[PDB]
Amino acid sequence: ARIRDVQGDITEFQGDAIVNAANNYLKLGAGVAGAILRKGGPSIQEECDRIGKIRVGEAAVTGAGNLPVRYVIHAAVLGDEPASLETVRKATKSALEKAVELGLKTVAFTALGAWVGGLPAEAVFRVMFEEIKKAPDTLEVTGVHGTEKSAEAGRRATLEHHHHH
(Lines of atoms letter the chains of each structure in order from A and count residues from 1; the text may use other names and numbers.)
(Lines give C-alpha, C1' and ligand atoms only; values in the text may rest on other atoms or scores of the structure.)
Protein backbone atom coordinates (compact mmCIF):
# COMPACT_ATOMS: atom_id res chain seq x y z
CA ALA A 1 0.00 0.00 0.00
CA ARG A 2 1.12 3.54 -0.77
CA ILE A 3 2.22 5.26 2.41
CA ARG A 4 2.53 8.92 3.44
CA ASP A 5 3.48 10.50 6.77
CA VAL A 6 2.49 14.00 7.89
CA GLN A 7 2.16 16.02 11.07
CA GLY A 8 -1.48 16.79 11.69
CA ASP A 9 -4.79 16.40 13.49
CA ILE A 10 -6.41 13.15 12.51
CA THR A 11 -9.88 14.54 13.39
CA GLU A 12 -9.33 16.69 10.30
CA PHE A 13 -8.18 13.91 7.93
CA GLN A 14 -10.21 14.05 4.73
CA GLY A 15 -10.55 10.53 3.41
CA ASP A 16 -12.37 7.24 3.66
CA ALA A 17 -11.66 6.34 7.30
CA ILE A 18 -9.33 6.58 10.32
CA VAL A 19 -7.94 3.86 12.59
CA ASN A 20 -8.10 4.18 16.36
CA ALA A 21 -6.01 2.06 18.68
CA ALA A 22 -8.49 0.81 21.28
CA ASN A 23 -9.13 -1.70 24.00
CA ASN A 24 -11.20 -4.78 23.09
CA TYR A 25 -14.24 -3.33 24.90
CA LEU A 26 -14.37 -0.41 22.44
CA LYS A 27 -14.45 2.13 25.23
CA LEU A 28 -12.90 5.32 23.88
CA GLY A 29 -10.70 6.89 26.51
CA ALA A 30 -7.97 9.48 26.79
CA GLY A 31 -6.26 11.57 24.13
CA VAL A 32 -6.87 11.25 20.41
CA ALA A 33 -9.65 8.76 21.10
CA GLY A 34 -11.14 11.47 23.29
CA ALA A 35 -10.87 13.88 20.35
CA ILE A 36 -12.57 11.48 17.92
CA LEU A 37 -15.38 11.11 20.44
CA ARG A 38 -15.84 14.88 20.93
CA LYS A 39 -15.59 15.86 17.27
CA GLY A 40 -17.71 12.92 16.10
CA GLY A 41 -20.40 12.73 18.72
CA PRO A 42 -21.67 9.98 20.97
CA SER A 43 -22.93 8.07 17.93
CA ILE A 44 -19.42 6.62 17.54
CA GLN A 45 -19.57 5.40 21.13
CA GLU A 46 -23.14 4.20 20.75
CA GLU A 47 -22.21 2.18 17.69
CA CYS A 48 -19.23 0.88 19.70
CA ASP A 49 -21.56 -0.08 22.52
CA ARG A 50 -23.88 -1.79 20.04
CA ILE A 51 -21.09 -4.05 18.80
CA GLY A 52 -19.84 -4.51 22.30
CA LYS A 53 -16.73 -6.53 23.11
CA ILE A 54 -14.40 -7.97 20.50
CA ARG A 55 -11.21 -9.97 20.66
CA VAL A 56 -7.82 -8.32 21.22
CA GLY A 57 -6.07 -8.32 17.85
CA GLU A 58 -9.21 -7.69 15.85
CA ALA A 59 -10.89 -4.54 14.59
CA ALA A 60 -14.50 -3.31 14.49
CA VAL A 61 -15.87 -0.66 12.15
CA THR A 62 -18.36 2.06 13.10
CA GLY A 63 -19.52 5.30 11.54
CA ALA A 64 -17.51 8.51 12.08
CA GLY A 65 -20.19 10.95 13.21
CA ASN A 66 -19.32 14.56 12.36
CA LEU A 67 -15.74 13.70 11.52
CA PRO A 68 -15.02 14.41 7.87
CA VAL A 69 -14.54 10.71 7.08
CA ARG A 70 -16.93 7.79 6.77
CA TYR A 71 -15.78 5.10 9.16
CA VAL A 72 -13.80 4.71 12.31
CA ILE A 73 -11.93 1.44 12.30
CA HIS A 74 -11.18 0.42 15.88
CA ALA A 75 -8.05 -1.65 16.49
CA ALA A 76 -8.16 -3.64 19.71
CA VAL A 77 -4.54 -3.80 20.81
CA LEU A 78 -4.95 -4.24 24.56
CA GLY A 79 -7.66 -4.67 27.17
CA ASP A 80 -8.62 -8.27 27.91
CA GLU A 81 -5.03 -9.24 27.01
CA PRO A 82 -1.79 -7.23 27.31
CA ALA A 83 -0.55 -5.25 24.31
CA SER A 84 2.38 -7.08 22.75
CA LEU A 85 4.17 -6.63 19.46
CA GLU A 86 2.03 -9.42 18.02
CA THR A 87 -1.01 -7.73 19.50
CA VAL A 88 -0.18 -4.70 17.39
CA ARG A 89 0.87 -6.60 14.28
CA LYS A 90 -2.46 -8.48 14.36
CA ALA A 91 -4.53 -5.35 15.13
CA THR A 92 -2.94 -3.44 12.26
CA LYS A 93 -3.55 -6.24 9.77
CA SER A 94 -7.14 -6.57 10.94
CA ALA A 95 -7.81 -2.90 10.48
CA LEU A 96 -6.38 -3.07 7.01
CA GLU A 97 -8.37 -6.10 5.90
CA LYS A 98 -11.34 -4.10 7.14
CA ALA A 99 -10.52 -1.24 4.75
CA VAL A 100 -10.20 -3.84 2.00
CA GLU A 101 -13.62 -5.39 2.75
CA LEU A 102 -15.17 -1.94 2.46
CA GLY A 103 -13.48 -0.86 -0.75
CA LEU A 104 -11.64 2.09 0.71
CA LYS A 105 -8.86 4.08 -0.96
CA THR A 106 -7.59 6.51 1.69
CA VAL A 107 -7.31 5.68 5.38
CA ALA A 108 -5.24 7.39 8.03
CA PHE A 109 -3.72 5.93 11.20
CA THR A 110 -2.57 8.09 14.06
CA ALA A 111 1.11 7.12 13.73
CA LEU A 112 3.09 5.54 16.62
CA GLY A 113 1.98 7.55 19.66
CA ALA A 114 -0.52 5.28 21.41
CA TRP A 115 0.33 2.15 19.45
CA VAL A 116 3.58 1.98 21.40
CA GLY A 117 2.67 2.09 25.07
CA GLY A 118 5.71 0.69 26.85
CA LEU A 119 6.92 -1.37 23.90
CA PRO A 120 9.86 -0.31 21.79
CA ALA A 121 8.66 2.35 19.32
CA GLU A 122 11.33 1.32 16.79
CA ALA A 123 9.84 -2.16 16.95
CA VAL A 124 6.15 -1.18 16.69
CA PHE A 125 7.14 0.83 13.63
CA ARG A 126 8.44 -2.28 11.88
CA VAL A 127 5.39 -4.42 12.53
CA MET A 128 3.00 -1.66 11.44
CA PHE A 129 5.33 -0.86 8.51
CA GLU A 130 5.47 -4.42 7.23
CA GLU A 131 1.71 -4.90 7.71
CA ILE A 132 0.94 -1.65 5.86
CA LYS A 133 3.31 -2.59 3.05
CA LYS A 134 1.45 -5.87 2.48
CA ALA A 135 -1.87 -4.06 1.97
CA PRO A 136 -3.02 -3.59 -1.66
CA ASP A 137 -1.88 -0.57 -3.63
CA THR A 138 -5.55 0.37 -4.06
CA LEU A 139 -5.11 1.69 -0.58
CA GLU A 140 -3.05 4.73 0.32
CA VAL A 141 -2.12 4.97 4.02
CA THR A 142 -1.56 8.24 5.83
CA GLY A 143 0.11 8.34 9.22
CA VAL A 144 -0.92 11.48 11.10
CA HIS A 145 1.86 12.49 13.50
CA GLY A 146 1.41 14.71 16.56
CA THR A 147 4.79 16.43 16.20
CA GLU A 148 6.42 17.33 12.89
CA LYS A 149 9.71 15.89 14.17
CA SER A 150 8.21 12.40 14.44
CA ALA A 151 6.59 12.81 11.03
CA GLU A 152 10.01 13.48 9.48
CA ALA A 153 11.55 10.44 11.14
CA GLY A 154 8.72 8.29 9.77
CA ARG A 155 9.56 9.65 6.37
CA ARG A 156 13.31 8.92 6.49
CA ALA A 157 12.61 5.46 7.93
CA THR A 158 10.45 4.90 4.88
CA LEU A 159 13.07 6.42 2.63
CA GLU A 160 15.91 4.53 4.29
CA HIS A 161 14.01 1.28 3.70
CA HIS A 162 13.48 1.89 -0.03
CA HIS A 163 17.26 1.79 -0.12
CA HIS A 164 19.38 1.20 2.94
CA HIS A 165 22.59 2.67 1.67
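Quick note: we count residues from 1 along the sequence shown, nothing fancier.
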99-107 versus 34-42 - which carries the larger mean C-alpha B factor in the record = 34-42
message = On mean Cα temperature factor in this entry, is 123-131 or 47-55 the higher one?
response = 123-131
task = Tell me, please, which of 142, 24, 20, 150 has the highest C-alpha B factor according to the deposited entry?
result = 24
request  = Among all modelled residues of this chain, ranked by Cα B factor, put residue 4 in the bottom, middle or top third, i.e. lowest, middle or highest.
outcome  = middle
task = Relative to the other modelled residues of the same chain, rank the CA B-factor of residue 91 and answer lowest, middle or highest third.
result = lowest
task = Among all modelled residues of this chain, ranked by Cα B factor, put residue 116 in the bottom, middle or top third, i.e. lowest, middle or highest.
result = lowest
query = So where's residue 75 on the chain's Cα temperature factor ranking, which third?
reply = lowest
